[PDB]
């Protein structure tokens, strides 16, 4: 059981740049390594075998190198078709094992998130549930932090967080944060706050509503 390690799971690169993806074998796999590509649609493609040998039908932008336990894939210039997840696999001994995977993102200008907050619908309150929702739209990089505050105090349990993949149009990210409470707990507090820290701002971005000023 040779454990393969890919150093960075995510990796951002400007278009037409030199990209290098490292892959460390848990032991000397003696240059018995292959590189596969998986596109967003799940399709898997064989790119390299024997650590340096191009498969049929792959462009010369790709090149492999490495020895001992350290190996690397290299894209000379990054084209948009090359935005995918790259996996390294060792066949030095059975079982064949893979690396964790390294997914490519396009590097782009920083972008502050647009933050919107929404109280629970009446229809949900009649179910005894209460979801407060926070949309953080069109930001970059994807490194963002979201805290939920009820009457000034932070809440951890009952918070669901969903990110989108990088946008096809503006290469931004978006996320939704949902605070799910029972109606009983919801009606016992007043202020609901969605606080977002992002590199684009030194001050947190705060969006709040008071339950008693609603109709």
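Positions refer to the first chain, counted from 1.
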Which is higher in the entry, the mean Cα B factor of 21-29 or that of 197-205?
21-29
Which has the higher mean CA temperature factor in the PDB entry, 107-115 or 84-92?
84-92
Highest-ranked of 182, 176, 171, 157 once sorted by CA temperature factor in the record:
157
Using the entry's values, work out which of 39, 61, 147, 189 has the largest Cα B factor.
61
By the recorded C-alpha temperature factor, relative to the other modelled residues in its chain, which third is residue 51 in?
highest
In terms of the CA temperature factor given in the entry, to which third of its chain does residue 98 belong: lowest, middle or highest?
middle
For residue 127, does the deposited CA B-factor place it in the lowest, middle or highest third of the chain?
middle
Thinking about Cα B factors across the chain, which third does residue 34 belong to?
highest
Taking the values exactly as deposited, rank residue 151 by C-alpha B-factor within its chain and report the matching third: lowest, middle or highest.
lowest
